[PDB]
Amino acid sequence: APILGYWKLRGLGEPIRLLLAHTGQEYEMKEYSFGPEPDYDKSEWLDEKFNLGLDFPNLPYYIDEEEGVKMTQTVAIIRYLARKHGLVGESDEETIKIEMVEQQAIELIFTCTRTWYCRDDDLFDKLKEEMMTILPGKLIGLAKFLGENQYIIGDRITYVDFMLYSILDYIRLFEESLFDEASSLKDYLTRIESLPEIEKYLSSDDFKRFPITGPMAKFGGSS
């Protein structure tokens, strides 16, 4: 039984889980809980961080004793699963578009993370006003790149379609208004939400839209 380990957060792990659900691959979900308020300690992880044989101990991690796989980097994990299930590029031309979108998606995660995890309230407002300036342009870039395609690379679904759903959804829940004039991307999310196994996943009583981030974060973090 392959094992995916992560916090009880959508976070970075959700794209991987969406891919797994889509591809029908069975896995055990190993979840870690933070400690109580007001410090939300990571003892649950830190007591085991070095006992799993991981080279670069981190969450998330992916372990498959049967295939001798033991990894710990989100993008490395998802690319590995994508390669296995044929959800990668088939030309160098496709691979370029895909890896750009991958990296554009990760860029959105870093700009969102640097704000949502900000401790100072005054700095949070500066970071947010600043984000509200930056994000429309990124979403328009994505809409343009997508055009009238069903998925980001065409009518074939790729691993970055799952990486883009999660981050776009998180942003959506942060501020609907950012999508007020982006029906193209809202239509795209709805297309993904209607893939059978995704519908199944989002319907599960395990699934909840929040928490997205850790309990120490200003946005998300709170069921």
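In this text, residue numbers run from 1 along the sequence as written.
Set 107 to 115 against 141 to 149 and average the Cα temperature factors; 107 to 115 ends up higher. Higher mean CA B-factor, judged across 156 to 164 and 43 to 51 from the recorded values: 43 to 51. For the set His85, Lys128, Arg79, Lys97, the PDB entry assigns the largest Cα B-factor to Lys128. Ranking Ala182, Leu59, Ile171, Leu189 by the C-alpha B-factor listed in the PDB entry places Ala182 at the top. In this PDB entry, the Cα temperature factor of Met71 sits in the middle third of its chain's modelled residues.
The deposited CA B-factor of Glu93 belongs to the middle third of values across its chain. Among the modelled residues of its chain, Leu135 has a C-alpha B-factor that falls in the middle third, as given in the PDB entry.
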